[PDB]
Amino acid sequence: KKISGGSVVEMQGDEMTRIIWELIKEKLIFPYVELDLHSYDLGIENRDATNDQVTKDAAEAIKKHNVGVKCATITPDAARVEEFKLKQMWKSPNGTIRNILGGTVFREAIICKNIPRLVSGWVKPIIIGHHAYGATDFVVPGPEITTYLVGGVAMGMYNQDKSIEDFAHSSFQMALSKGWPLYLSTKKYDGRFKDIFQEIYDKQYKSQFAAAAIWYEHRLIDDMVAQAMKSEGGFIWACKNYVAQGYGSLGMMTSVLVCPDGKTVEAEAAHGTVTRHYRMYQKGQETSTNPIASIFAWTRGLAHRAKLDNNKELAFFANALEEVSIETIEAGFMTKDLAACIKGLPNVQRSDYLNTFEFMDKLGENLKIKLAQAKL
């Protein structure tokens, strides 16, 4: 009999990540877990038909059930307005959900031994989160802020303390959850971030970090980058300042929005819908899309659900699926992007990787085997 999963808020996406989403739901989750799934179709067509209301409804559902799992959606531009005949250029769903829930988005890459990383010395995962908004910029033609005194360009921003307290609480809750030490990086206004972090830490998180064998320290980003390059990793990085690019493969990058209460979490893939692979999929050409980010979104969601419900079966299942993914990649079975991470894209042959459906089938067989091995 399947595990009793619980209440999970599902958010369906677009294009290739939508295909991968249904594949993961049918091959890795539903055959073994029975969920109270609150499905919200965040497709661009459904978003346009409901005037982007389904995104608000889904965010409220995450606020109610404390667990959300999101697929990659389309942030529309003008070309997207033409492609789907949209009634408007809708806002980013991630920004709407992040604004309704609050908290902080944390990104982490999945580590495999045979997949080279940006720095060889890195051994343990490095989780990175940034302070979101939730600032006025105008141009001065020719020759104050209230009252202080400030052609060219003038911009003035205001940041409430509530956002600093939410960022601090989210960082501390994340560090307590993962069990890694927390480091804050900054660069007069920045003098308040350090004092608020230190006060909330000393008053509400000192004995918790001490019991968790972790700690919190403050750094300058100039020191944080250099020290991070010459370290083994294994830490949470709260970055200040005011997607990704080329720091590894995007199929291994995962994202988790964490609310300051420490109970509401949204997991999703850090990459996008992977549009090019979807264009090759529509014409019927062979694709090789990496499903690790979405799978780990599901396993992070089920993991936090198990933590909230104290469901040991669900936690063991999510951890088991993560282990199946990492072990499958380490055994030599991977998509084309990882083989390109190993041998380099020019030297990549067809025998060096599996396509999308072959890799999903491999993960299905290996997950079935590992779950069958749990016979005590």
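In case it trips you up, residue 1 is the first one in the sequence shown, and so on.
Gap check for residue 187 to residue 188: 4 to 9 deposited residues are absent from the model. The gap between residue 143 and residue 144 holds 1 to 3 unmodelled residues of the deposited sequence. Higher mean CA B-factor, judged across 269 to 277 and 87 to 95 from the recorded values: 87 to 95. Looking at mean Cα B-factors across 299 to 307 and 172 to 180, the upper value is held by 172 to 180.
Across the options 254, 104, 288, 198, the residue with the most elevated CA B-factor in the record is 198. Comparing the listed residues 215, 122, 167, 235, the entry records the largest Cα B-factor for 122. Per-chain ranking of the deposited C-alpha B factor places residue 110 in the lowest third. Sorting the modelled residues of the chain by their CA temperature factor places residue 117 in the middle third. The entry lists a Cα temperature factor for residue 15 that places it in the middle third of the chain's modelled residues. Sort the modelled residues of the chain by CA B factor and residue 319 lands in the lowest third. Among the modelled residues of the chain, residue 70 sits in the middle third by CA temperature factor in this PDB entry.
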